[PDB]
Amino acid sequence: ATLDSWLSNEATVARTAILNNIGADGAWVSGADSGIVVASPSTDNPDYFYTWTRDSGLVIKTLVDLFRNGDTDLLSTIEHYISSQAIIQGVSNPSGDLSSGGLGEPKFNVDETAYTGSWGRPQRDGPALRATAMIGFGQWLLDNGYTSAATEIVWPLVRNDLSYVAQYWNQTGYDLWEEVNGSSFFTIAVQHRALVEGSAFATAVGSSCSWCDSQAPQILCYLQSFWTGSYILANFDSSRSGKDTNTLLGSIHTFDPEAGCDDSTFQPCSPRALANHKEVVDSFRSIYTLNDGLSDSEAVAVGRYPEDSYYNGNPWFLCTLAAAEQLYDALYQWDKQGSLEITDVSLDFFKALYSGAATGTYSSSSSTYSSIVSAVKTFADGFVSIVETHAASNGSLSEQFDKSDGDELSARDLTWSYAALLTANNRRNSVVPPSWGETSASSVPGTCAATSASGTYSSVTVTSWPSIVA
Ligand SMILES: *[C@@H]1O[C@H](CO)[C@@H](O[C@@H]2O[C@H](CO)[C@@H](O[C@@H]3O[C@H](CO[C@H]4O[C@H](CO)[C@@H](O)[C@H](O[C@H]5O[C@H](CO)[C@@H](O)[C@H](O)[C@@H]5O)[C@@H]4O)[C@@H](O)[C@H](O[C@H]4O[C@H](CO)[C@@H](O)[C@H](O)[C@@H]4O[C@H]4O[C@H](CO)[C@@H](O)[C@H](O)[C@@H]4O[C@H]4O[C@H](CO)[C@@H](O)[C@H](O)[C@@H]4O)[C@@H]3O)[C@H](O)[C@H]2NC(C)=O)[C@H](O)[C@H]1NC(C)=O
Ligand SMILES: *[C@@H]1O[C@H](CO)[C@@H](O[C@@H]2O[C@H](CO)[C@@H](O[C@@H]3O[C@H](CO)[C@@H](O)[C@H](O[C@H]4O[C@H](CO)[C@@H](O)[C@H](O)[C@@H]4O[C@H]4O[C@H](CO)[C@@H](O)[C@H](O)[C@@H]4O)[C@@H]3O)[C@H](O)[C@H]2NC(C)=O)[C@H](O)[C@H]1NC(C)=O
Ligand SMILES: *[C@H]1O[C@H](CO)[C@@H](O)[C@H](O)[C@@H]1O
Ligand SMILES: *[C@H]1O[C@H](CO)[C@@H](O)[C@H](O)[C@@H]1O
Ligand SMILES: *[C@H]1O[C@H](CO)[C@@H](O)[C@H](O)[C@@H]1O
Ligand SMILES: *[C@H]1O[C@H](CO)[C@@H](O)[C@H](O)[C@@H]1O
Ligand SMILES: *[C@H]1O[C@H](CO)[C@@H](O)[C@H](O)[C@@H]1O
Ligand SMILES: *[C@H]1O[C@H](CO)[C@@H](O)[C@H](O)[C@@H]1O
Ligand SMILES: *[C@H]1O[C@H](CO)[C@@H](O)[C@H](O)[C@@H]1O
Ligand SMILES: *[C@H]1O[C@H](CO)[C@@H](O)[C@H](O)[C@@H]1O
Ligand SMILES: *[C@H]1O[C@H](CO)[C@@H](O)[C@H](O)[C@@H]1O
Ligand SMILES: *[C@H]1O[C@H](CO)[C@@H](O)[C@H](O)[C@@H]1O
Ligand SMILES: OC[C@H]1NC[C@H](O)[C@@H](O)[C@@H]1O
Ligand SMILES: OC[C@H]1NC[C@H](O)[C@@H](O)[C@@H]1O
């Protein structure tokens, strides 16, 4: 009504805003090299005028999906990003060089020089998020007959990042929020994913990734430890409750449209992810005044973790959108399957939205199913309205929105906010991402081993891009 139309306008504003934040033509980020994704044009309070491997990887993956669906104009953007990464990989920084840990460096200056001050480094998700983004583009190239571009440019780039993942997964580092030195759900989840699709990608170009194959099952094994019995623990080595939107992100960024409600990979419709969803969201109901008076069956403003004190601890646009996106994803999964199941694990999730919820299997033609799917859609859309209510009048999406009055705060025009909007909207519309092979990578080994595999490192030089026509 308002929502459908706002979303439609907002998607268009988000696509533009992201482009304004990518060099060397990006209107808001003059100074940024070619294919460099800037986190935000805010150069002071806070200073976000840097390129993070995570934000960039997440943003480009989004644009690659848009591109595969017909937004052909994004081609040059993706090519420039690929070329920029050929360079960054080789940049010597506080985390090391290409073959000695450099790949793990969190952020860089927009000019492609290293950031040398103190930072929570390394962040092991980066390499995995970059590989995922590149593999998508690489797949398109193979499908459209640009085999050479896939085999000689993309593959070797990906091969570097996959090698980092297989080698250091089993080592502590910082979480996506760059504050906890330990082992993080999000990181492990995206790492498992990357190796699985990394392996399929290697086979497609006529090469192999033995280190992908030997480590993915072990990463999966370890992931299981994050299930506490009632929710997903955001991090090992933390003194907090462990309720964190990090776990929602892990699920949506590892969603496979071909997967069932698999618990071992924490899919969106899995009992564990649904139980988790309620625990996380509920953790923000009583700490934000903006949430005052809402009931348990209503959407609330979501932040990162309940203990957060960054800018005083406020809801984040991307965290609120992730809460919605997981539901969109589960809805799609249930529809595709033709049923939904309520277990003891997911009962509270369902019961809060539909008081008549009881364990059992509900076929898609059943009354219970209709009742539940409507409640779920309504709830999901409700998080989106919170976003809509606090977005700026011209559509500007900030990092945070005040916990008391909803005014935008922290970094303005955060690229990540814009990407999160794009994906929540796609999912809402049933536009899902290419599958990553989850259906052959959900079997958990009987015994988990604390291990690694060492792959191979080689500097890539992008001398020329074929003249691709989309
Ligand atoms: C919807 O409408 C919105 C409202 O109009 C619109 O947002 C506005 O967009 C303009 C850009 O078109 C923004 O202008 C910038 O303002 C900067 C100063 O901001 C402070 O002061 C403002 C006024 O008092 C505040 O409004 C502003 O608050 C906002 O930002 C806060 C911080 O993130 C946030 O918390 C608030 O909630 C609020 O959102 C903030 O307090 C100003 O610095 C900046 O100037 C730079 O860029 C100009 C060109 O784009 C240059 O001409 C200028 O010389 C400056 O360039 C420097 O910085 C650039 C990066 O931004 C670099 O590209 C340049 O190379 C250069 O950098 C050098 O200097 C740096 C030193 O710190 C250094 O680090 C660099 O390495 C380099 O050496 C610009 O004028 C305006 O802030 C926005 N207003 C608001 C309220 O957000 C929005 O974009 C519209 N959205 C859509 C979707 O259309
Ligand atoms: C490298 O790989 C190996 C192999 O996979 C990893 O080893 C596994 O590590 C996990 C995590 O430590 C470990 O699981 C723990 O088992 C203990 C007993 O067997 C449990 O007591 C412990 O409980 C915590 O987590 C539960 C969820 O699993 C929570 O329900 C519970 O509340 C506990 O959580 C609190 O306490 C922890 C302290 O550990 C704290 O950090 C939390 O934040 C929270 O406050 C775990 O379940 C496996 O048994 C190990 N497996 C093997 C085969 O040895 C290793 O961790 C990897 N290393 C890195 C750095 O990646
Ligand atoms: C995930 O993958 C495993 C095999 O790796 C399947 O057994 C499971 O059903 C799901 O498809
Ligand atoms: C399912 O498959 C995995 C490998 O993907 C095995 O490790 C597991 O033991 C089960 O056979
Ligand atoms: C970690 O352990 C595995 C299996 O136990 C080895 O194959 C690997 O090489 C590393 O030593
Ligand atoms: C990853 O780390 C393991 C340690 O378990 C080594 O055996 C391997 O060679 C690589 O360094
Ligand atoms: C892991 O170890 C192998 C073998 O020593 C190297 O070739 C690789 O670069 C990484 O250091
Ligand atoms: C690891 O393997 C790659 C691919 O064969 C080599 O090019 C690299 O130099 C290292 O030996
Ligand atoms: C390792 O592999 C890269 C990518 O093919 C080469 O550019 C490099 O010379 C080395 O052989
Ligand atoms: C690979 O790494 C070398 C440095 O070893 C760079 O010079 C090259 O541009 C690429 O990044
Ligand atoms: C790409 O190739 C050039 C040589 O053509 C190297 O110097 C660079 O380090 C990377 O291997
Ligand atoms: C230019 O040079 C690079 C590396 O030196 C090649 O891999 C590329 O395909 C082109 O020939
Ligand atoms: O957007 C830049 C940077 N800001 C702070 C966030 O915690 C982190 O995830 C992000 O990469
Ligand atoms: O104030 C700590 C702050 N530092 C830097 C990180 O970007 C952010 O996630 C964290 O909350």
# chains A, B, ... in the order shown; residues from 1 in each chain; ligands from 1
>>> closest_atom_pairs(of="chain A", to="ligand 2", cutoff="10 Å", atoms="only C-alpha atoms and all ligand atoms", output="JSON lines")
{"residue": "A:168", "atom": "CA", "partner": "ligand 2", "partner_atom_place_in_ligand_line": "61 (O)", "distance": 8.4}
{"residue": "A:169", "atom": "CA", "partner": "ligand 2", "partner_atom_place_in_ligand_line": "61 (O)", "distance": 6.3}
{"residue": "A:170", "atom": "CA", "partner": "ligand 2", "partner_atom_place_in_ligand_line": "61 (O)", "distance": 3.6}
{"residue": "A:171", "atom": "CA", "partner": "ligand 2", "partner_atom_place_in_ligand_line": "60 (C)", "distance": 4.3}
{"residue": "A:172", "atom": "CA", "partner": "ligand 2", "partner_atom_place_in_ligand_line": "60 (C)", "distance": 4.4}
{"residue": "A:173", "atom": "CA", "partner": "ligand 2", "partner_atom_place_in_ligand_line": "60 (C)", "distance": 8.0}
{"residue": "A:181", "atom": "CA", "partner": "ligand 2", "partner_atom_place_in_ligand_line": "60 (C)", "distance": 9.7}
{"residue": "A:182", "atom": "CA", "partner": "ligand 2", "partner_atom_place_in_ligand_line": "60 (C)", "distance": 6.4}
{"residue": "A:183", "atom": "CA", "partner": "ligand 2", "partner_atom_place_in_ligand_line": "60 (C)", "distance": 5.5}
{"residue": "A:184", "atom": "CA", "partner": "ligand 2", "partner_atom_place_in_ligand_line": "61 (O)", "distance": 8.4}
{"residue": "A:188", "atom": "CA", "partner": "ligand 2", "partner_atom_place_in_ligand_line": "61 (O)", "distance": 8.5}
{"residue": "A:218", "atom": "CA", "partner": "ligand 2", "partner_atom_place_in_ligand_line": "5 (O)", "distance": 6.9}
{"residue": "A:219", "atom": "CA", "partner": "ligand 2", "partner_atom_place_in_ligand_line": "5 (O)", "distance": 7.3}
{"residue": "A:220", "atom": "CA", "partner": "ligand 2", "partner_atom_place_in_ligand_line": "5 (O)", "distance": 8.7}
{"residue": "A:221", "atom": "CA", "partner": "ligand 2", "partner_atom_place_in_ligand_line": "5 (O)", "distance": 6.2}
{"residue": "A:222", "atom": "CA", "partner": "ligand 2", "partner_atom_place_in_ligand_line": "5 (O)", "distance": 4.0}
{"residue": "A:223", "atom": "CA", "partner": "ligand 2", "partner_atom_place_in_ligand_line": "5 (O)", "distance": 7.7}
{"residue": "A:224", "atom": "CA", "partner": "ligand 2", "partner_atom_place_in_ligand_line": "28 (O)", "distance": 7.4}
{"residue": "A:225", "atom": "CA", "partner": "ligand 2", "partner_atom_place_in_ligand_line": "28 (O)", "distance": 4.0}
{"residue": "A:226", "atom": "CA", "partner": "ligand 2", "partner_atom_place_in_ligand_line": "28 (O)", "distance": 5.1}
{"residue": "A:227", "atom": "CA", "partner": "ligand 2", "partner_atom_place_in_ligand_line": "27 (C)", "distance": 5.4}
{"residue": "A:228", "atom": "CA", "partner": "ligand 2", "partner_atom_place_in_ligand_line": "30 (O)", "distance": 3.8}
{"residue": "A:229", "atom": "CA", "partner": "ligand 2", "partner_atom_place_in_ligand_line": "30 (O)", "distance": 6.5}
{"residue": "A:230", "atom": "CA", "partner": "ligand 2", "partner_atom_place_in_ligand_line": "30 (O)", "distance": 8.5}
{"residue": "A:231", "atom": "CA", "partner": "ligand 2", "partner_atom_place_in_ligand_line": "30 (O)", "distance": 8.9}
{"residue": "A:232", "atom": "CA", "partner": "ligand 2", "partner_atom_place_in_ligand_line": "27 (C)", "distance": 8.2}
{"residue": "A:233", "atom": "CA", "partner": "ligand 2", "partner_atom_place_in_ligand_line": "43 (O)", "distance": 6.8}
{"residue": "A:234", "atom": "CA", "partner": "ligand 2", "partner_atom_place_in_ligand_line": "43 (O)", "distance": 7.7}
{"residue": "A:235", "atom": "CA", "partner": "ligand 2", "partner_atom_place_in_ligand_line": "43 (O)", "distance": 5.5}
{"residue": "A:236", "atom": "CA", "partner": "ligand 2", "partner_atom_place_in_ligand_line": "41 (O)", "distance": 3.6}
{"residue": "A:237", "atom": "CA", "partner": "ligand 2", "partner_atom_place_in_ligand_line": "41 (O)", "distance": 3.6}
{"residue": "A:238", "atom": "CA", "partner": "ligand 2", "partner_atom_place_in_ligand_line": "43 (O)", "distance": 4.4}
{"residue": "A:239", "atom": "CA", "partner": "ligand 2", "partner_atom_place_in_ligand_line": "45 (O)", "distance": 5.8}
{"residue": "A:240", "atom": "CA", "partner": "ligand 2", "partner_atom_place_in_ligand_line": "45 (O)", "distance": 7.0}
{"residue": "A:241", "atom": "CA", "partner": "ligand 2", "partner_atom_place_in_ligand_line": "45 (O)", "distance": 7.1}
{"residue": "A:242", "atom": "CA", "partner": "ligand 2", "partner_atom_place_in_ligand_line": "43 (O)", "distance": 6.5}
{"residue": "A:446", "atom": "CA", "partner": "ligand 2", "partner_atom_place_in_ligand_line": "53 (C)", "distance": 9.9}
{"residue": "A:447", "atom": "CA", "partner": "ligand 2", "partner_atom_place_in_ligand_line": "53 (C)", "distance": 6.5}
{"residue": "A:448", "atom": "CA", "partner": "ligand 2", "partner_atom_place_in_ligand_line": "53 (C)", "distance": 4.6}
{"residue": "A:449", "atom": "CA", "partner": "ligand 2", "partner_atom_place_in_ligand_line": "4 (C)", "distance": 4.7}
{"residue": "A:450", "atom": "CA", "partner": "ligand 2", "partner_atom_place_in_ligand_line": "2 (O)", "distance": 3.6}
{"residue": "A:451", "atom": "CA", "partner": "ligand 2", "partner_atom_place_in_ligand_line": "2 (O)", "distance": 6.5}
{"residue": "A:452", "atom": "CA", "partner": "ligand 2", "partner_atom_place_in_ligand_line": "1 (C)", "distance": 9.0}
>>> closest_atom_pairs(of="chain A", to="ligand 11", cutoff="8 Å", atoms="only C-alpha atoms and all ligand atoms", output="CSV")
residue,atom,partner,partner_atom_place_in_ligand_line,distance
A:90,CA,ligand 11,9 (O),7.9
A:458,CA,ligand 11,11 (O),6.7
A:459,CA,ligand 11,11 (O),4.3
A:460,CA,ligand 11,1 (C),4.3
A:461,CA,ligand 11,1 (C),3.2
A:462,CA,ligand 11,1 (C),6.9
A:463,CA,ligand 11,5 (O),7.7
>>> write_last_selection(atoms="N, CA, C and O atoms", output="mmCIF file, in the first residue's frame")
data_model
loop_
_atom_site.group_PDB
_atom_site.id
_atom_site.type_symbol
_atom_site.label_atom_id
_atom_site.label_comp_id
_atom_site.auth_asym_id
_atom_site.auth_seq_id
_atom_site.Cartn_x
_atom_site.Cartn_y
_atom_site.Cartn_z
ATOM 1 N N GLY A 90 47.647 -8.121 -3.119
ATOM 2 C CA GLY A 90 49.089 -7.937 -3.096
ATOM 3 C C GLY A 90 49.551 -6.830 -2.188
ATOM 4 O O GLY A 90 50.747 -6.746 -1.876
ATOM 5 N N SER A 458 49.335 -16.925 -5.273
ATOM 6 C CA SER A 458 49.959 -16.392 -6.489
ATOM 7 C C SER A 458 49.311 -15.060 -6.819
ATOM 8 O O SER A 458 48.074 -14.911 -6.792
ATOM 9 N N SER A 459 50.187 -14.104 -7.092
ATOM 10 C CA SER A 459 49.756 -12.747 -7.423
ATOM 11 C C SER A 459 49.154 -12.702 -8.820
ATOM 12 O O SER A 459 49.741 -13.229 -9.773
ATOM 13 N N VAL A 460 47.985 -12.109 -8.938
ATOM 14 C CA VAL A 460 47.300 -12.033 -10.240
ATOM 15 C C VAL A 460 47.437 -10.617 -10.820
ATOM 16 O O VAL A 460 47.297 -9.675 -10.047
ATOM 17 N N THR A 461 47.643 -10.588 -12.119
ATOM 18 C CA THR A 461 47.783 -9.336 -12.880
ATOM 19 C C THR A 461 46.686 -9.325 -13.946
ATOM 20 O O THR A 461 46.625 -10.248 -14.767
ATOM 21 N N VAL A 462 45.857 -8.314 -13.907
ATOM 22 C CA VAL A 462 44.748 -8.190 -14.876
ATOM 23 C C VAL A 462 45.219 -7.210 -15.947
ATOM 24 O O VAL A 462 45.081 -5.989 -15.801
ATOM 25 N N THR A 463 45.797 -7.775 -16.998
ATOM 26 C CA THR A 463 46.310 -6.954 -18.111
ATOM 27 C C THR A 463 45.189 -6.417 -18.985
ATOM 28 O O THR A 463 45.222 -5.224 -19.387
#
>>> select_by_dssp(residues="segment 348-442 of chain A", states="alpha helix (DSSP H)", output="PyMOL selection string")
chain A and resi 348-353+367-390+415-428
>>> closest_atom_pairs(of="segment 108-164 of chain A", to="segment 25-34 of chain A", cutoff="8 Å", atoms="only C-alpha atoms", output="JSON lines")
{"residue": "A:110", "atom": "CA", "partner": "A:32", "partner_atom": "CA", "distance": 4.4}
{"residue": "A:111", "atom": "CA", "partner": "A:33", "partner_atom": "CA", "distance": 5.2}
{"residue": "A:112", "atom": "CA", "partner": "A:33", "partner_atom": "CA", "distance": 6.9}
>>> residues_near_ligand(ligand="ligand 4", cutoff="6 Å", atoms="only C-alpha atoms and all ligand atoms", output="list in words")
residues 217, 441, 443, 444, 445 and 446 of chain A
>>> closest_atom_pairs(of="chain A", to="ligand 10", cutoff="12 Å", atoms="only C-alpha atoms and all ligand atoms", output="Markdown table")
| residue | atom | partner | partner_atom_place_in_ligand_line | distance |
| --- | --- | --- | --- | --- |
| A:82 | CA | ligand 10 | 11 (O) | 11.5 |
| A:83 | CA | ligand 10 | 11 (O) | 9.6 |
| A:84 | CA | ligand 10 | 11 (O) | 9.0 |
| A:85 | CA | ligand 10 | 11 (O) | 7.7 |
| A:86 | CA | ligand 10 | 11 (O) | 5.1 |
| A:87 | CA | ligand 10 | 11 (O) | 3.8 |
| A:88 | CA | ligand 10 | 11 (O) | 5.9 |
| A:89 | CA | ligand 10 | 11 (O) | 5.1 |
| A:90 | CA | ligand 10 | 11 (O) | 3.3 |
| A:91 | CA | ligand 10 | 11 (O) | 6.2 |
| A:92 | CA | ligand 10 | 4 (C) | 7.9 |
| A:93 | CA | ligand 10 | 4 (C) | 11.6 |
| A:96 | CA | ligand 10 | 5 (O) | 11.3 |
| A:97 | CA | ligand 10 | 5 (O) | 7.5 |
| A:98 | CA | ligand 10 | 2 (O) | 6.5 |
| A:99 | CA | ligand 10 | 5 (O) | 8.5 |
| A:100 | CA | ligand 10 | 5 (O) | 10.8 |
| A:102 | CA | ligand 10 | 2 (O) | 10.5 |
| A:103 | CA | ligand 10 | 11 (O) | 10.8 |
| A:112 | CA | ligand 10 | 11 (O) | 10.7 |
| A:113 | CA | ligand 10 | 11 (O) | 11.8 |
| A:153 | CA | ligand 10 | 10 (C) | 11.7 |
| A:156 | CA | ligand 10 | 1 (C) | 10.5 |
| A:157 | CA | ligand 10 | 1 (C) | 9.4 |
| A:160 | CA | ligand 10 | 1 (C) | 10.0 |
| A:457 | CA | ligand 10 | 1 (C) | 9.2 |
| A:458 | CA | ligand 10 | 1 (C) | 6.7 |
| A:459 | CA | ligand 10 | 1 (C) | 3.1 |
| A:460 | CA | ligand 10 | 1 (C) | 5.0 |
| A:461 | CA | ligand 10 | 9 (O) | 5.8 |
| A:462 | CA | ligand 10 | 9 (O) | 8.5 |
| A:463 | CA | ligand 10 | 9 (O) | 10.4 |
>>> residues_around(residues="residue 379 of chain A", least_positions_apart="2", cutoff="8 Å", atoms="only C-alpha atoms", output="count of residues only")
10
>>> atom_distance(atom1="atom 1 (C, counted along the ligand's line) of ligand 8", atom2="atom CA of residue 440 of chain A")
26.8 Å
>>> residues_around(residues="segment 395-403 of chain A", least_positions_apart="2", cutoff="7 Å", atoms="only C-alpha atoms", output="MDAnalysis selection string")
chainID A and resid 10 13 288:290 314:317 390:393 405:414 417:418
>>> write_last_selection(atoms="N, CA, C and O atoms", output="tab-separated table (two decimals), in the first residue's frame")
chain	number	residue	atom	x	y	z
A	10	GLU	N	12.48	3.07	-3.05
A	10	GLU	CA	13.65	2.82	-2.28
A	10	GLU	C	14.66	1.90	-2.97
A	10	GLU	O	15.86	2.21	-2.78
A	13	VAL	N	16.58	4.12	-5.28
A	13	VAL	CA	17.42	5.07	-4.56
A	13	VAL	C	18.66	4.34	-4.02
A	13	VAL	O	19.73	4.98	-3.96
A	288	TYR	N	14.99	-0.54	24.06
A	288	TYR	CA	14.80	0.61	23.20
A	288	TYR	C	13.39	1.17	23.41
A	288	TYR	O	12.37	0.51	23.15
A	289	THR	N	13.37	2.42	23.82
A	289	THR	CA	12.15	3.19	24.05
A	289	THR	C	11.27	3.24	22.83
A	289	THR	O	10.05	3.39	22.95
A	290	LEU	N	11.89	3.15	21.68
A	290	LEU	CA	11.19	3.18	20.38
A	290	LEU	C	10.30	1.94	20.27
A	290	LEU	O	9.37	1.89	19.47
A	314	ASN	N	22.13	1.43	19.57
A	314	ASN	CA	20.87	1.76	18.86
A	314	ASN	C	20.55	0.71	17.80
A	314	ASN	O	21.41	-0.08	17.38
A	315	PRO	N	19.31	0.74	17.33
A	315	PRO	CA	18.91	-0.16	16.24
A	315	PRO	C	19.78	0.23	15.03
A	315	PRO	O	20.30	1.38	14.99
A	316	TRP	N	19.92	-0.71	14.11
A	316	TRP	CA	20.69	-0.48	12.88
A	316	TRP	C	19.77	-0.83	11.70
A	316	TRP	O	19.15	-1.93	11.82
A	317	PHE	N	19.74	-0.05	10.67
A	317	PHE	CA	18.90	-0.37	9.51
A	317	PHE	C	19.15	-1.79	8.99
A	317	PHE	O	18.20	-2.55	8.75
A	390	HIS	N	11.86	5.43	9.58
A	390	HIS	CA	13.05	6.18	9.99
A	390	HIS	C	14.02	6.55	8.90
A	390	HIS	O	15.03	7.24	9.17
A	391	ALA	N	13.75	6.12	7.68
A	391	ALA	CA	14.65	6.47	6.55
A	391	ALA	C	14.51	7.98	6.35
A	391	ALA	O	13.53	8.57	6.84
A	392	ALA	N	15.48	8.64	5.74
A	392	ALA	CA	15.35	10.10	5.52
A	392	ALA	C	14.32	10.26	4.41
A	392	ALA	O	14.08	9.31	3.64
A	393	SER	N	13.76	11.44	4.30
A	393	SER	CA	12.76	11.76	3.29
A	393	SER	C	13.24	11.49	1.87
A	393	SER	O	12.41	11.10	1.03
A	405	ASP	N	14.26	8.28	19.67
A	405	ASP	CA	13.49	9.06	18.71
A	405	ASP	C	13.61	8.62	17.27
A	405	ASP	O	12.91	9.21	16.40
A	406	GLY	N	14.42	7.63	16.95
A	406	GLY	CA	14.52	7.16	15.56
A	406	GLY	C	15.26	8.03	14.60
A	406	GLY	O	15.29	7.72	13.38
A	407	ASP	N	15.88	9.12	15.03
A	407	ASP	CA	16.64	9.96	14.08
A	407	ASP	C	17.91	9.18	13.67
A	407	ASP	O	18.45	8.42	14.47
A	408	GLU	N	18.31	9.42	12.46
A	408	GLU	CA	19.51	8.79	11.89
A	408	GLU	C	20.74	9.31	12.62
A	408	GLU	O	20.85	10.50	13.01
A	409	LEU	N	21.66	8.42	12.85
A	409	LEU	CA	22.91	8.75	13.57
A	409	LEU	C	23.99	7.83	13.01
A	409	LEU	O	23.70	6.94	12.19
A	410	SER	N	25.20	8.08	13.43
A	410	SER	CA	26.42	7.38	13.03
A	410	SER	C	26.71	7.66	11.55
A	410	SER	O	26.32	8.76	11.09
A	411	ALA	N	27.37	6.79	10.82
A	411	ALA	CA	27.73	7.08	9.42
A	411	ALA	C	26.56	7.32	8.50
A	411	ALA	O	25.70	6.43	8.43
A	412	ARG	N	26.53	8.38	7.74
A	412	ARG	CA	25.41	8.63	6.79
A	412	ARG	C	25.63	7.79	5.53
A	412	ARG	O	26.78	7.40	5.25
A	413	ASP	N	24.58	7.59	4.76
A	413	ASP	CA	24.64	6.88	3.50
A	413	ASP	C	25.57	5.67	3.55
A	413	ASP	O	26.52	5.58	2.73
A	414	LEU	N	25.31	4.75	4.47
A	414	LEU	CA	26.16	3.56	4.61
A	414	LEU	C	25.80	2.59	3.50
A	414	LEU	O	24.68	2.11	3.42
A	417	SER	N	23.91	-0.43	4.33
A	417	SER	CA	22.49	-0.21	4.55
A	417	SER	C	21.75	-0.36	3.22
A	417	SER	O	20.73	-1.08	3.15
A	418	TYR	N	22.30	0.25	2.18
A	418	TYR	CA	21.69	0.19	0.85
A	418	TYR	C	21.68	-1.22	0.31
A	418	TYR	O	20.67	-1.58	-0.32
>>> closest_residue(among="A:69, A:77, A:246, A:265", to="residue 318 of chain A", atoms="only C-alpha atoms")
A:246
>>> select_by_dssp(residues="segment 54-282 of chain A", states="strand (DSSP E)", output="MDAnalysis selection string")
chainID A and resid 107:108 173:174 181:184 235:236
>>> residues_around(residues="residue 163 of chain A", least_positions_apart="5", cutoff="10 Å", atoms="only C-alpha atoms", output="ChimeraX atom specification")
/A:99,103,127-128,158,168,195,209-212,453-457
>>> closest_residue(among="A:141, A:150, A:380, A:24", to="ligand 12", atoms="only C-alpha atoms and all ligand atoms")
A:150
>>> residues_around(residues="residue 357 of chain A", least_positions_apart="6", cutoff="12 Å", atoms="only C-alpha atoms", output="ChimeraX atom specification")
/A:340-344,346-351,367-369,371-372,375
>>> write_last_selection(atoms="N, CA, C and O atoms", output="tab-separated table (two decimals), in the first residue's frame")
chain	number	residue	atom	x	y	z
A	340	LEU	N	5.40	-26.84	5.90
A	340	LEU	CA	6.09	-26.20	7.02
A	340	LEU	C	5.93	-27.18	8.20
A	340	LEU	O	4.88	-27.81	8.37
A	341	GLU	N	6.94	-27.17	9.01
A	341	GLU	CA	6.91	-28.05	10.16
A	341	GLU	C	7.14	-27.25	11.42
A	341	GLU	O	8.01	-26.37	11.41
A	342	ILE	N	6.36	-27.58	12.46
A	342	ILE	CA	6.55	-26.94	13.78
A	342	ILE	C	7.09	-28.04	14.69
A	342	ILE	O	6.46	-29.11	14.78
A	343	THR	N	8.23	-27.83	15.31
A	343	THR	CA	8.88	-28.75	16.23
A	343	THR	C	8.91	-28.06	17.59
A	343	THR	O	8.51	-26.88	17.74
A	344	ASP	N	9.38	-28.77	18.59
A	344	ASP	CA	9.47	-28.25	19.96
A	344	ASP	C	10.43	-27.07	20.02
A	344	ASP	O	10.28	-26.17	20.89
A	346	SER	N	11.05	-24.89	17.44
A	346	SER	CA	10.48	-23.69	16.85
A	346	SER	C	9.11	-23.29	17.33
A	346	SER	O	8.57	-22.27	16.80
A	347	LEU	N	8.53	-24.00	18.30
A	347	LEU	CA	7.20	-23.71	18.80
A	347	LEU	C	7.02	-22.28	19.27
A	347	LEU	O	6.04	-21.63	18.87
A	348	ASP	N	7.88	-21.80	20.15
A	348	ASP	CA	7.74	-20.43	20.67
A	348	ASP	C	7.79	-19.43	19.53
A	348	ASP	O	7.05	-18.43	19.59
A	349	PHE	N	8.61	-19.71	18.53
A	349	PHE	CA	8.69	-18.77	17.37
A	349	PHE	C	7.27	-18.64	16.79
A	349	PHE	O	6.75	-17.53	16.64
A	350	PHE	N	6.69	-19.77	16.47
A	350	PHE	CA	5.36	-19.85	15.86
A	350	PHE	C	4.21	-19.44	16.77
A	350	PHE	O	3.31	-18.69	16.34
A	351	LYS	N	4.23	-19.92	17.98
A	351	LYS	CA	3.20	-19.62	18.98
A	351	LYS	C	3.04	-18.13	19.26
A	351	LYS	O	1.92	-17.66	19.55
A	367	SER	N	-5.23	-25.14	6.50
A	367	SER	CA	-5.62	-23.92	7.19
A	367	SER	C	-4.50	-23.37	8.08
A	367	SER	O	-4.33	-22.16	8.12
A	368	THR	N	-3.83	-24.26	8.81
A	368	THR	CA	-2.77	-23.81	9.70
A	368	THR	C	-1.69	-23.10	8.89
A	368	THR	O	-1.24	-22.01	9.29
A	369	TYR	N	-1.30	-23.75	7.81
A	369	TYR	CA	-0.30	-23.18	6.90
A	369	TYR	C	-0.74	-21.78	6.46
A	369	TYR	O	0.09	-20.86	6.64
A	371	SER	N	-2.66	-19.56	7.76
A	371	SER	CA	-2.69	-18.73	8.94
A	371	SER	C	-1.28	-18.28	9.38
A	371	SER	O	-1.16	-17.08	9.70
A	372	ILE	N	-0.36	-19.20	9.41
A	372	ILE	CA	1.03	-19.02	9.78
A	372	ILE	C	1.76	-18.17	8.74
A	372	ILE	O	2.33	-17.16	9.16
A	375	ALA	N	0.70	-14.53	8.97
A	375	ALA	CA	1.21	-13.90	10.19
A	375	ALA	C	2.69	-13.60	9.98
A	375	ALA	O	3.15	-12.52	10.35
